[PDB]
Each structure stands twice: as structure tokens, then as C-alpha cells.
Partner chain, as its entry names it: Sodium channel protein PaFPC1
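Let's start with one chain on its own, the form solved without its partner chain, as C-alpha cells.
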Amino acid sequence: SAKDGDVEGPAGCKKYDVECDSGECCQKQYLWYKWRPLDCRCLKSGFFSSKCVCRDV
């Protein structure tokens, strides 16, 4: 069985809520008890300096 933090791809890749290059995220990640893809989205929530990180897509 898989748990939170579990991802798919090469060892040492990126994870949920993490910066990356070329806006490319790991293969997949166990989110909400479901393996979904990741995308480096750039959005801010009432913050001053927005940031780009991987998110469920």
C-alpha cells in the first residue's frame, strides 16, 4: 500500500508543493489516496511574493 509523500519516477525528483525546472513535476504522487500528476503552477494566496510549485492537475 502507498502513503502520503509517495511519488513515481527517478529517485530524487520533485514532490507536491516544491519548485522545479521547466515547470516539470514528477511523474505522479499519491494525493488524496489517489495517484495524480503534478504541475508547477504559479499562484499566490493573499501573499506578497508569489511562488511556483507543483500541484495536483
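Residue numbers count along the first chain shown, from 1.
Heads up, the form deposited with its partner chain bound isn't pictured, but that's what we're talking about next.
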Contact flag, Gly46 vs its partner chain in the deposited bound form, heavy atom cut 4.5 Å: yes
4.5 Å heavy atom contact, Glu8 to its partner chain in the deposited bound form: no
Its partner chain contact at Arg41 in the deposited bound form, heavy atom, 4.5 Å: yes
Contact of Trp35 with its partner chain in the deposited bound form (heavy atom, 4.5 Å): no
Any residue of 13-34 that, in the deposited bound form, places a heavy atom within 4.5 Å of its partner chain: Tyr16, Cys20, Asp21, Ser22, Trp32, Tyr33
